[PDB]
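The C-alpha cells that follow cover one protein chain in two forms, given apart as structure 1 and structure 2.
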Structure 1
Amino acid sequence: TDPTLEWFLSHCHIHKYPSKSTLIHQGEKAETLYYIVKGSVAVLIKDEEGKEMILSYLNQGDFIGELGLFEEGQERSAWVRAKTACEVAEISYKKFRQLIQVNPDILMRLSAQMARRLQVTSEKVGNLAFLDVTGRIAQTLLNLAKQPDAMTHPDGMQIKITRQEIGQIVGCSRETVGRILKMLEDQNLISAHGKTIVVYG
C-alpha cells in the first residue's frame, strides 16, 4: 500500500481535463505542482513558427510542473497538453514545501523522476546532434518497431502511427515526414500504407 501518496493527494485539489486541452502554458509564472492521477500528457516545445516537438510523454504517477519549485519567479519551461482525458492533482509550491518538512520521502520521489528525465533528455540531445532529419525519422521508425506494442509482420515489424506524431517526435512538419517516408519506401526500407508502416527485416 502507499499511505504517503494518499497523504500527498489529500492536500491537493483534483481536476479533470478532456484530451487536447492545455494544462500548462510555457511562459506562465510557476507557482503550482501537478501530479497525474489518471491519463497521460505530452510535454512539448515549439519554434517561432509553431512547429512542435515532444520532449516527453508523461503518465500516471508522474509529477508535472516541478521545475519551478526550487527557485522563486521561474517561468514554465514548456507546454503540457493532455494526450488522453486526464485526472490531475494540483497543489501550490508553498503548501508542497510544507509537506516536504513533514516527510522528505515525497521530495525523494520527485527527484527520482527528475533524474530519469535528465538521462532520457540527454539521450535525445545525442541523437539530434548526430543525425539529420532523414536519419532522425529512420531511427524513430526503428525504435518504434522495437517497442512492445509493435506487431509482428511477415516481412519484419509493423507499427501504427500518423505522419503527424512522427513529426512531433523529430520536430519537423508532417509534409516533411511524408517526403522522407516516400523516399524510404523507394529505398526498399519500409512500406507505408495508411496509418500502418511496415519496417523491413
Structure 2
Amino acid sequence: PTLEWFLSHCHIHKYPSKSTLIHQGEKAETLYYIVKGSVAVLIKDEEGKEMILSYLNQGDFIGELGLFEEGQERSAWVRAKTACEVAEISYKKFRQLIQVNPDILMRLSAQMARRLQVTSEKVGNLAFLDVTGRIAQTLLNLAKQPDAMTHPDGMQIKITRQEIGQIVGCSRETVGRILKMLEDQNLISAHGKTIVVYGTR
C-alpha cells in the first residue's frame, strides 16, 4: 500500500541476532522500521542492570522518539532479539516524506499511541502488583506475543527466568520461586526455557 512507497525510500540493512540497532545516548538522526525479525527495547541502570522495556516485532518502527525535536539522544538501547532486516531513513528525508503524505505519520504516531498505553500500564504494574502479580501478568502478555506457540493446554513460550526478571523487575531466583509456585497451583507448566501458560484462549 503506502508502506511499499515508504520503504522504497529507505536504505536496508540486516542486523545479526544480538547486535545493537540503537545505542542509548547516541545522536538520534535516523528512523528505523523492522522489515523482518524481532528486537528488544531496554534500558540499563548505573551498575548496568538491564530492564526490558518492550519487545518489538516486524511492522514496528524504532527510534522514532528522536524525530520531533532536533538533536536528542536515543531514549534506550535496542538489541536484535533475532537476526532481522531493518529499513532506515534520515529523520530529514522522513519529514519530507510526510509532507507528501501524512498518512505515514499517522501510522507512526499510531504506534507511539499503543506504546504509551502499554508503557503506562507497565508503570501501574510496578506500582500496584507484587512480583507474583507482575510475573503472573507477564506470562499472560508473553502468551500474547506472535512467536507464542499454540498448545493443547493453552499457550507455550520459551523465555528464561533471568529474562522474566528483567521484564517484571525482580531477581532471577525470585522468578524461579514464583514460577515453581505457579506450577504447583497448576496454572503454568515449566520445562527449562519452555513455559506453558494454561488458560490462554
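Numbers follow structure 1, counted from its first residue as 1. By rigid core we mean the largest C-alpha set that fits within 1.5 Å across both forms. Only residues modelled in both forms are compared.
**Request:** Select from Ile36, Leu144, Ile54, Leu69 the only position whose Cα moves 2 Å or more between the two structures when the core is aligned.
**Result:** The residue that shifts is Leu144.
**Request:** Comparing the forms between the two structures, say how many degrees the smaller rigid part turns relative to the larger part.
**Result:** Relative rotation between the rigid parts: 27 degrees.
**Rigid core fit between the two structures: Cα deviation of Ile166 in angstrom** = Spelling it out: core superposed, C-alpha of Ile166 shifted, distance 1.3 Å.
**Request:** Quick one: how many Å does the C-alpha of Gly156 shift between the two structures once the rigid core is superposed?
**Result:** That residue's C-alpha sits 9.8 Å away in the other form.
**Request:** After lining up the core, report the Cα displacement of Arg81 between the two structures in Å, one decimal place.
**Result:** Once the two forms are fitted on their core, the shift reads 0.2 Å.
**Asked** Superposing on the rigid core, where do three or more consecutive Cα atoms all move 2 Å or more between the two structures?
**Response** 130-161, 170-201 are the stretches that move between the two structures.
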